[PDB]
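The chain that follows stands alone, in the form deposited in one PDB entry, written as structure tokens.
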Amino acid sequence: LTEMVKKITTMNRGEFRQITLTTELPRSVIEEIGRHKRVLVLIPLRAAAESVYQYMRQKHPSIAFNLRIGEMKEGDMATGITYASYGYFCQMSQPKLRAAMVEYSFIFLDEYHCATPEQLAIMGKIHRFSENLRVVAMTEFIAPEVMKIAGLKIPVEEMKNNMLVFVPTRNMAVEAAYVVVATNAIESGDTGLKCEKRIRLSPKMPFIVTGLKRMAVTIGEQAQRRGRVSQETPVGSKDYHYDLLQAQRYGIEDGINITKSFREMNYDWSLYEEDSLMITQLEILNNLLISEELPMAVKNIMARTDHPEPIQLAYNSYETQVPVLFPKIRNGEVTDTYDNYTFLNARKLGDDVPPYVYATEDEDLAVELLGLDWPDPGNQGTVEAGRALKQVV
């Protein structure tokens, strides 16, 4: 640790170090450079931030500690180690963010492999002035599958023991249901699977289609599941493309292309695996997103809706200002049920499909099932994004 600390503490501004082990490290660093110096530690979850803050301030009285998980503390100059969430810094404009960030001697990006939208936006954004910073990024039974519990062959003798069954979907957890069949959301408060959002990009409009997908859990997630006490191989790396798309919301007001910032940061810091074609397509779409000032009406809706992906509203506004209500899909069939989110003031699908730039898996499915067709780009900007996407392929 004294090696790591000596390497960190000799760092010049405009330098970067990636470390693999992560909380006694910032402590050693501050004790080395001076207790009145300022050092920032970025943590994904607010709960995780508060938890470290508490743990550290109790364990290390003599070292000042700060917590930033709420409202922007204007003119903040708290000496000691500051534990903040990436989301805290998401409230400030680029200039405010830079002014805030350069006031820290060291910046520790903890658990960067989570790749949350707040994390991805902050890393791309601060990398924009990385020359002014010193940043350090920090990071048994095999059951067979059943043929003609959760699709796995488990001995009946194990039912006499206390069981936790990890399952990917909400439906599977109830259908199979001491024995508790719980989703990954269980740990918050193994089938090797999980349900996460994924994205598909194409030159054909809607260029973006997002939806839940059953996938393999990561080695980290498998470790978390095993830590509570299938033949499915875990992924080394989580897919951050949805998250990167959601992260784009954080550059709208500043007119910053988050996708370009991510790509440029990652080229310098080499923190994530890259899918060049996907990043390129996401970047073309990102340029479109910020090509014009967002209509005030759309800004307000995005701010007030309970819609799960308000960025969809921002993208679609390049074609339509009226949100559409697609009939819900229960059991592979189109129902007469609708998902209505607040402030949209939407019209129902009917037989008139909206010129969506950004759609959901289910919105696409309803269109297909009904035998309808998605319109084509209606304007030069949208037509041009499409040609650019085709060219990139």
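Heads up, when I say rigid core I mean the largest set of C-alphas that superpose within 1.5 Å between the two forms. Quick note: we count residues from 1 along the sequence shown, nothing fancier.
The modelled chain breaks between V229 and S230, where 10 or more residues of the deposited sequence lack coordinates.
For the pair 350-358 and 333-341, the record assigns the higher mean C-alpha temperature factor to 333-341. Between the stretches 199-207 and 159-167, it is 159-167 that shows the larger average CA temperature factor. Per the PDB record, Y178 has a higher Cα B-factor than any other of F262, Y178, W269, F106. The PDB entry assigns its highest CA temperature factor, among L67, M56, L42, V39, to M56. Among the modelled residues of its chain, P377 has a C-alpha B-factor that falls in the middle third according to the deposited record. Per the deposited record, the Cα B-factor of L21 falls in the middle third when ranked against the other modelled residues of its chain. When all modelled residues of the chain are sorted by CA temperature factor, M215 is found within the middle third. Split the chain's modelled residues into thirds by C-alpha temperature factor. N287 is in the lowest one. The PDB entry assigns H127 a C-alpha temperature factor belonging to the lowest third of its chain's modelled residues.
Unshown form deposited in another entry; subsequent notes refer to it.
The only C-alpha among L164, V102, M92, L212 that moves by 2 Å or more between this form and the one not shown, given a superposition on the rigid core, is that of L164. The two forms, fitted on the rigid core, differ between this form and the one not shown by less than 2 Å at the CA of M296.
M77: CA moves less than 2 Å between this form and the one not shown after rigid-core fitting.
After superposing the rigid core, the Cα of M278 is displaced by less than 2 Å between this form and the one not shown.
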